[PDB]
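K.L.:
Here's a structure for you.
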Amino acid sequence: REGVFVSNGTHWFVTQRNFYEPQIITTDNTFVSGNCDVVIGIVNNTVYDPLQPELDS
Amino acid sequence: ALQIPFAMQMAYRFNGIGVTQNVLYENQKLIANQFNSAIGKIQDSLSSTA
Ligand SMILES: *[C@@H]1O[C@H](CO)[C@@H](O[C@@H]2O[C@H](CO)[C@@H](O)[C@H](O)[C@H]2NC(C)=O)[C@H](O)[C@H]1NC(C)=O
Ligand SMILES: *[C@@H]1O[C@H](CO)[C@@H](O[C@@H]2O[C@H](CO)[C@@H](O)[C@H](O)[C@H]2NC(C)=O)[C@H](O)[C@H]1NC(C)=O
Ligand SMILES: *[C@@H]1O[C@H](CO)[C@@H](O)[C@H](O)[C@H]1NC(C)=O
């Protein structure tokens with residue numbers, strides 16, 4: 001939504017552009033558009049959906 | 001200077017004009033070809049138009 005996807009080599013985080021502050025990548029931090037076939041250099045990872053464990057509990 | 005991939009610099013630059021950054025990635029080859037051709041027109045313009 002704002003900031004950039006970044007990795008420390010093992011994990012993927014989103015972070016704001018002008019100060020390193022890694023956050024877990026979520027459906028709140030990110031927006032969908034289209035699918036994997038269209039984008040050059042897209043990477044596979046999970047995206048945590050914060051609603052889901054609340055509905056599971 | 002902070003390095004950044006050029007297709008990610010252009011996503012910042014699109015987001016700076018309110019065009020949502022997926023509009024770059026879903027059109028990256030079109031945007032590249034329009035830019036490359038527009039630089040081409042400047043060579044021809046400057047070569048011809050004294
Ligand atoms: C990348 O970041 C993650 C989260 O900060 C690191 O994973 C944690 O590492 C500590 C030890 O440093 C463990 O105690 C935690 O259990 C880990 N958490 C998770 C979610 O795995 C990871 O080590 C970092 N990788 C590098 C190469 O720095
Ligand atoms: C992201 O992960 C998917 C699977 O979760 C990968 O898709 C498979 O890729 C192999 C090799 O091209 C194919 O043989 C499979 O048929 C693909 N499966 C599906 C469901 O499409 C994909 O290649 C990965 N992409 C990246 C960038 O790592
Ligand atoms: C980056 O460049 C390397 C070759 O230098 C290439 O193998 C790789 O697929 C490229 N990745 C992206 C995201 O363009």
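Residues are referred to by chain and number: the chain letter is A, B, ... according to the order shown in the structure tokens, the number counts from 1 in that chain, and ligands are numbered separately from 1 in the order shown.
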Could you pull out the residues sitting within 7 Å of ligand 1, using only C-alpha atoms and all ligand atoms, and write them as a list in words?

P.N.:
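Final answer, ordered by chain and number: residues 8, 9, 10 and 11 of chain A.
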
K.L.:
Put those residues in a file: C-alpha atoms, as a short mmCIF file (atom, residue, chain, number, x, y, z; two decimals), in the first residue's frame.

P.N.:
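File produced: again19.cif:
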```cif
data_model
loop_
_atom_site.label_atom_id
_atom_site.label_comp_id
_atom_site.auth_asym_id
_atom_site.auth_seq_id
_atom_site.Cartn_x
_atom_site.Cartn_y
_atom_site.Cartn_z
CA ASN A 8 16.75 -10.12 5.05
CA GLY A 9 17.58 -13.29 2.99
CA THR A 10 15.22 -15.75 4.81
CA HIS A 11 12.01 -13.71 5.40
#
```

K.L.:
If we count only C-alpha atoms and set the cut-off at 9 Å, which residues sit around residue A:46, ignoring sequence neighbours fewer than 3 positions away in its own chain? Please answer as a ChimeraX atom specification.

P.N.:
/A:12,25-26

K.L.:
Restricting the output to N, CA, C and O atoms, write the selected residues as a CSV table (one decimal), in the first residue's frame.

P.N.:
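Okay, selection_33.csv is ready:
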```csv
chain,number,residue,atom,x,y,z
A,12,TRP,N,10.5,-12.3,4.2
A,12,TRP,CA,10.0,-11.1,3.5
A,12,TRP,C,9.2,-10.2,4.4
A,12,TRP,O,8.2,-10.6,5.1
A,25,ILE,N,4.0,-9.2,6.2
A,25,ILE,CA,3.3,-8.8,5.0
A,25,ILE,C,1.8,-9.4,5.2
A,25,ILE,O,1.6,-10.6,5.4
A,26,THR,N,0.9,-8.5,5.1
A,26,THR,CA,-0.5,-8.8,5.3
A,26,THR,C,-1.5,-8.2,4.3
A,26,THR,O,-1.2,-7.2,3.6
```

K.L.:
Identify every residue of chain A that has at least one atom within 12 Å of any atom of chain B, counting only C-alpha atoms, and report the result as a ChimeraX atom specification.

P.N.:
/A:1-6,16-18,30-42

K.L.:
Report as a PyMOL selection string: the residues of chain B with a DSSP assignment of alpha helix (DSSP H), based on the backbone of this structure.

P.N.:
chain B and resi 6-15+22-25+28-48

K.L.:
Would you save the residues of that selection, restricted to C-alpha atoms, as a short mmCIF file (atom, residue, chain, number, x, y, z; two decimals), in the first residue's frame?

P.N.:
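File written: part17.cif
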```cif
data_model
loop_
_atom_site.label_atom_id
_atom_site.label_comp_id
_atom_site.auth_asym_id
_atom_site.auth_seq_id
_atom_site.Cartn_x
_atom_site.Cartn_y
_atom_site.Cartn_z
CA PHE B 6 14.48 0.89 -12.13
CA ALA B 7 11.00 -0.71 -12.40
CA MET B 8 10.63 0.07 -8.63
CA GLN B 9 11.82 3.65 -9.04
CA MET B 10 9.12 3.99 -11.72
CA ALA B 11 6.52 2.59 -9.29
CA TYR B 12 7.43 5.41 -6.85
CA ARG B 13 7.27 7.90 -9.78
CA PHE B 14 3.79 6.66 -10.88
CA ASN B 15 2.52 6.69 -7.28
CA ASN B 22 0.27 -1.92 -10.36
CA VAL B 23 -0.54 0.17 -13.51
CA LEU B 24 3.25 0.24 -14.09
CA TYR B 25 3.89 -3.48 -13.52
CA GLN B 28 5.95 -2.43 -17.94
CA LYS B 29 6.89 -3.49 -21.52
CA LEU B 30 4.46 -0.94 -23.04
CA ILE B 31 5.86 1.84 -20.77
CA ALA B 32 9.44 0.82 -21.63
CA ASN B 33 8.69 0.76 -25.41
CA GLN B 34 6.94 4.17 -25.23
CA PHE B 35 9.96 5.62 -23.35
CA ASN B 36 12.57 4.05 -25.70
CA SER B 37 10.63 5.26 -28.79
CA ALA B 38 10.22 8.77 -27.30
CA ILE B 39 14.04 9.02 -26.78
CA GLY B 40 14.30 7.86 -30.44
CA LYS B 41 12.06 10.78 -31.57
CA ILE B 42 14.41 13.21 -29.73
CA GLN B 43 17.42 11.93 -31.75
CA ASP B 44 15.48 12.46 -35.03
CA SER B 45 14.06 15.84 -33.89
CA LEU B 46 17.52 17.19 -32.90
CA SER B 47 19.20 15.68 -36.04
CA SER B 48 16.64 17.27 -38.44
#
```

K.L.:
Can you work out which one of A:14, A:44, A:29, A:22 has the shortest atom-to-atom distance to ligand 2, counting only C-alpha atoms and all ligand atoms?

P.N.:
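Between A:14, A:44, A:29, A:22, the residue approaching ligand 2 most closely is A:44.
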